[PDB]
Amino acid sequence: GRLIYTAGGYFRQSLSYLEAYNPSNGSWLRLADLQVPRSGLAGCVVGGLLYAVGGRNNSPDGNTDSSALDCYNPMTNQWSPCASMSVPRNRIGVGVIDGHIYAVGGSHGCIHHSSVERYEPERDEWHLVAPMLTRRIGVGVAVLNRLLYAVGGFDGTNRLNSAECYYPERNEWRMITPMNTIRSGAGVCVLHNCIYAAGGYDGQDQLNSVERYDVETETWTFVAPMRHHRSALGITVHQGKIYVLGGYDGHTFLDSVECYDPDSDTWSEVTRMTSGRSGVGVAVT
C-alpha cells in the first residue's frame, strides 16, 4: 500500500504540488502544498517521512536557489522545516544510506558543486563528506550495496557521461565506467541490482534511451527506450518496476507517467499526472 509521492516541479514557474499516486487502484491523492515552491529538487524517504531537498524557486519575481530540507509526515499531512544544507543546491541528486541522506552536487547561482553533505535525522544536522571527483549539476544518484553512485550531469563546461562511486566507510570516491550516452537531467535509480539511467539531455536533444550498469561486469547496456523523450524527469521504483514521471520533451512539459517491466523489457503508460511538469522530486512510502 505504498504510494508514489511527487513534490514540486516546474510549469511556467516552480510549483508547490505534493501529490501521491497509488499504483494498486490508479488514484491520485492531492496532499499538502510545499511551503515554498521549488523545482530541480530531489525527494527521498527515511523512516516513513518524505524529504524535499534543495532545488530552486523559479518565479515571475525572481529565481532563488534553495538550501532547504523540508520534512513531510504522511500521518499528519504536514510539511515541517528541517535543518538547511550548507549551501543552496539546484538540480541536486540525493541518496539514502543507513538512514542518512546524501545531498550530491547541484548549483548555487553559477557555482557547480562537487561537494556532498550528509544529513542525520536523529540529530537534524548536516555534515560535509568527501567531495566528488567532478562538479555535477543535473546529476542522478543511486544507492547499491551501501555504495552511492553519482551519474552524469553537467560540470559547468562539459555535459557528462561519466559516473563515480562513493564509499561511505572509507569516505572516498572512485570513477567508474562512463555511460554510453552523455546525460544531464536523467532519471537514475536502482532495480534488481542494476543502476538505470533513463532519459536526460545529451547536449543536442532530450533522450528516450535507457541504459543500465551492472556493477560486476562494469558494463553499461541499453534496454528498451521509453515512449517519450524526457529531461528533468522524476523516477522511482515501486514493486519491482521503474516509474518515470513528467519531464520536458523538447516542446512540452509532459504529464505522462510510464512504467518499465524488467522481466519483459517493455515500457507502458500507466497514468497521467494532474498537470504536466518537469523537475519534480519523487519517492515511495
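For every residue, the number given is its place in the sequence shown, counted from 1. Only the largest set of C-alpha atoms that superpose within 1.5 Å between the two forms is called the rigid core.
Displacement analysis by core superposition in 9 other deposited structures of this protein ranks 1-9 above the other of 1-9 and 274-282 in root-mean-square C-alpha distance from the shown form. In this entry, 54-62 has the higher mean Cα B-factor, the comparison being between 33-41 and 54-62. As recorded in the PDB entry, 212-220 is the stretch of 212-220 and 227-235 with the greater mean C-alpha temperature factor. The residue among 118, 136, 192, 108 whose C-alpha atom has the highest B-factor in the PDB entry is 192. In the PDB entry, the Cα temperature factor peaks, among 184, 114, 90, 180, at 180. Split the chain's modelled residues into thirds by C-alpha temperature factor. Residue 167 is in the lowest one. Sorting the modelled residues of the chain by their CA temperature factor places residue 200 in the lowest third. In this PDB entry, residue 267 carries a Cα temperature factor that places it within the highest third of its chain's modelled residues.
Among the modelled residues of the chain, residue 99 sits in the highest third by CA temperature factor in this PDB entry.
Compared with the other modelled residues of the chain, the Cα B-factor recorded for residue 28 ranks in the highest third.
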